[PDB]
K.L.:
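Below is one structure. I have some questions about it.
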Amino acid sequence: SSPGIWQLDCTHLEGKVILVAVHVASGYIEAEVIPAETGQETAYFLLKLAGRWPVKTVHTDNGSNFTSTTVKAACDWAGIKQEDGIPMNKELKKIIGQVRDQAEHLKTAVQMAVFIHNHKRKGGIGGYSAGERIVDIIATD
Amino acid sequence: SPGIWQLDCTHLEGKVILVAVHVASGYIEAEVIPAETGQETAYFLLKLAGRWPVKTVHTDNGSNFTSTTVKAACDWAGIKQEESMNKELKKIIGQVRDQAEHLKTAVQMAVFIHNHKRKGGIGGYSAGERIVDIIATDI
Ligand SMILES: OC[C@H]1O[C@@](CO)(O[C@H]2O[C@H](CO)[C@@H](O)[C@H](O)[C@H]2O)[C@@H](O)[C@@H]1O
Ligand SMILES: Nc1ccc2c(c1)S(=O)(=O)C=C2
């Protein structure tokens, strides 16, 4: 698994849309709640993500939001290879349910769940969080 | 420290730009928000802390930071509250503004350009490489 590969996926909750980007090699995630899976929101999500991390390749579910010209033009501007149809929503929903009663709004609880996921030590006390893994995988010097 | 950030706001076309700068690297995160409110501030900070190791954020004096929701977000996330990379962002947004209809988009292009731009000749690093290098070194 190359360090520049992300998987993008969507999850629906309380009638709202959660776009999730998973850095495949570390398990690190980024997520936003969006009003609906349109091309403008997808392009915007991908542009932000690509500005924050080295994004070489995105694997998608090939939803209609990805075939939109807006999103193709975003990947092109940002130098992203878009790979439609190339194959933890359950995990993120579980964690959202554990913080859900501390947030007045879903979107807040989503960011709380992201924080928790990315900080969680994976595989024992000597292991590493997703956050530690991504920076270790990506640091070049 | 790897964990020190500075947050500032920029006003433009009647929208507000919240800019967080990672002080040791120059790396930026930015969002356009309809208005500089306590709720938008809290959400911005919560997103930042889930994405990078945020220990301390230095802020301007303003009321958005006094909010009880900001205080709750900070307490939950372990954040303690206490220019060159800023007017540079505004210059970049200018250079690319015509490439996009909405300000939001131009802002995110400019954050992309800033964080990927090699400083110096062959041998140089971008702000994005500095931050990951600083933080990986610290682990
Ligand atoms: O410019 C707002 C822009 O950001 C999105 C998510 O991609 O909205 C989320 O992030 C904003 C910035 O912090 C918040 O203001 C917003 O409340 C939050 O859902 C976009 O949907 C939106 O167009
Ligand atoms: N090359 C490289 C390494 C890390 C990072 C970037 C580039 S970035 O600037 O895109 C953000 C983090």
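A note on names: the letters A, B, ... follow the listed sequences, proteins ahead of strands, and every chain is numbered from 1. All values below come from the heavy atoms of this structure, side chains included, with hydrogens, waters and symmetry mates left out. We count ligands from 1, going down the list as the structure has it; atoms in each ligand are counted the same way.
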K.L.:
What about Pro34(B): any of its N or O atoms under 3.5 Å from an N or O on ligand 1?
P.N.:
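It does not: no N or O of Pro34(B) is found under 3.5 Å from an N or O of ligand 1.
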K.L.:
Are more than 12 heavy atoms from other residues, nucleotides or ligands located less than 6.0 Å from atom CD of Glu104(A)?
P.N.:
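For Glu104(A), atom CD is not crowded (no more than 12 foreign heavy atoms under 6.0 Å).
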K.L.:
Under a 4.0 Å heavy-atom limit, does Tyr43(B) contact ligand 1 with its side chain, its backbone, both, or neither?
P.N.:
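The answer is the side chain of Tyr43(B).
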K.L.:
Please could you name the atoms of ligand 1 that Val33(A) approaches to less than 4.0 Å, counting only its heavy atoms?
P.N.:
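Going through ligand 1 atom by atom, the ones under 4.0 Å from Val33(A) are 19 (O).
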K.L.:
Tabulated below should be the N or O atoms of ligand 2 paired with protein N or O atoms at under 3.5 Å; can you produce that?
P.N.:
from: ligand 2; atom 1: 9 (O); to: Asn115(B); atom 2: O; distance (Å): 2.9
from: ligand 2; atom 1: 10 (O); to: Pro54(A); atom 2: N; distance (Å): 3.4
from: ligand 2; atom 1: 10 (O); to: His116(B); atom 2: NE2; distance (Å): 2.6

K.L.:
Measuring from atom 14 (C) of ligand 1, which candidate in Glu40(B), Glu30(A), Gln40(A) has the nearest non-hydrogen atom?
P.N.:
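The residue whose heavy atom sits nearest atom 14 (C) of ligand 1 is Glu40(B).
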K.L.:
Holding to salt bridge (charged side-chain N to carboxylate O under 4.0 Å, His left out), I want the full list of residues that pass it with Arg97(B), two or more places apart in sequence or in another chain.
P.N.:
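Listed in chain order: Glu13(B).
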K.L.:
Heavy atoms only: which of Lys104(B), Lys47(B), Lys107(A) is nearest to atom 23 (O) of ligand 1?
P.N.:
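It is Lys104(B) that holds the nearest heavy atom.
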K.L.:
Under a 4.0 Å N-O cut-off, is there an ion pair linking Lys48(A) with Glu31(B)?
P.N.:
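Yes.
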K.L.:
Is there a side chain to side chain contact (heavy atoms under 4.5 Å, CB included) between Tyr43(B) and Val70(B) once you walk through the steps?
P.N.:
CA-CA 8 Å; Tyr43(B) 192 64; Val70(B) 174; over 6 Å; no
K.L.:
State, to 0.1 Å, how close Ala31(A) and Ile18(A) come at their nearest heavy-atom pair, and which atoms those are.
P.N.:
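Closest pair (atom of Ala31(A), atom of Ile18(A), distance): CB-CG2, 4.1 Å.
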K.L.:
For the NE2 atom of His59(A) and the CD atom of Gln7(A), what is their distance to the nearest 0.5 Å?
P.N.:
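Interatomic distance, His59(A) NE2 to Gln7(A) CD, rounded to 0.5 Å: 6.5 Å.
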K.L.:
Please tabulate, one pair per line, all N/O donor-acceptor pairs under 3.5 Å involving side-chain atoms of residues 112-131 of chain B, not counting sequence neighbours.
P.N.:
from: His114(B); atom 1: NE2; to: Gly26(B); atom 2: O; distance (Å): 2.5
from: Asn115(B); atom 1: OD1; to: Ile28(B); atom 2: N; distance (Å): 2.9
from: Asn115(B); atom 1: ND2; to: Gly51(A); atom 2: O; distance (Å): 3.0
from: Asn115(B); atom 1: ND2; to: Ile28(B); atom 2: O; distance (Å): 2.9
from: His116(B); atom 1: ND1; to: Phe112(B); atom 2: O; distance (Å): 2.9
from: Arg118(B); atom 1: NE; to: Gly120(B); atom 2: O; distance (Å): 3.0
from: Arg118(B); atom 1: NE; to: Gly121(B); atom 2: O; distance (Å): 2.9
from: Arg118(B); atom 1: NH2; to: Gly120(B); atom 2: O; distance (Å): 3.0
from: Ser126(B); atom 1: OG; to: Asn115(B); atom 2: O; distance (Å): 3.4
from: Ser126(B); atom 1: OG; to: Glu129(B); atom 2: N; distance (Å): 3.3
from: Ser126(B); atom 1: OG; to: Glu129(B); atom 2: OE1; distance (Å): 3.4
from: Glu129(B); atom 1: OE1; to: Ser126(B); atom 2: N; distance (Å): 2.8
from: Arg130(B); atom 1: NH1; to: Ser25(B); atom 2: O; distance (Å): 2.7
from: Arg130(B); atom 1: NH2; to: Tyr125(B); atom 2: O; distance (Å): 3.1

K.L.:
Under 4.0 Å, heavy-atom basis, I'd like to know which part of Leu18(B) is in contact with ligand 1: side chain, backbone, both or neither.
P.N.:
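Contact part for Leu18(B) vs ligand 1: neither.
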K.L.:
If the plane angle is over 60° it's perpendicular, under 30° parallel, otherwise tilted; pick one for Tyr28(A) and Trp53(A).
P.N.:
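Rings of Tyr28(A) and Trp53(A): perpendicular, as their planes differ by over 60°.
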K.L.:
Does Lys107(A) have any salt bridge (charged side-chain N to carboxylate O under 4.0 Å, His left out) partners at least two apart in sequence or in another chain, and if so, which?
P.N.:
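With neighbours one apart ignored, the set is empty.
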K.L.:
Give me the residue, atom name and distance of the protein heavy atom closest to atom 9 (C) of ligand 1.
P.N.:
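Its nearest protein heavy-atom neighbour is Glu32(A) OE1, 3.4 Å.
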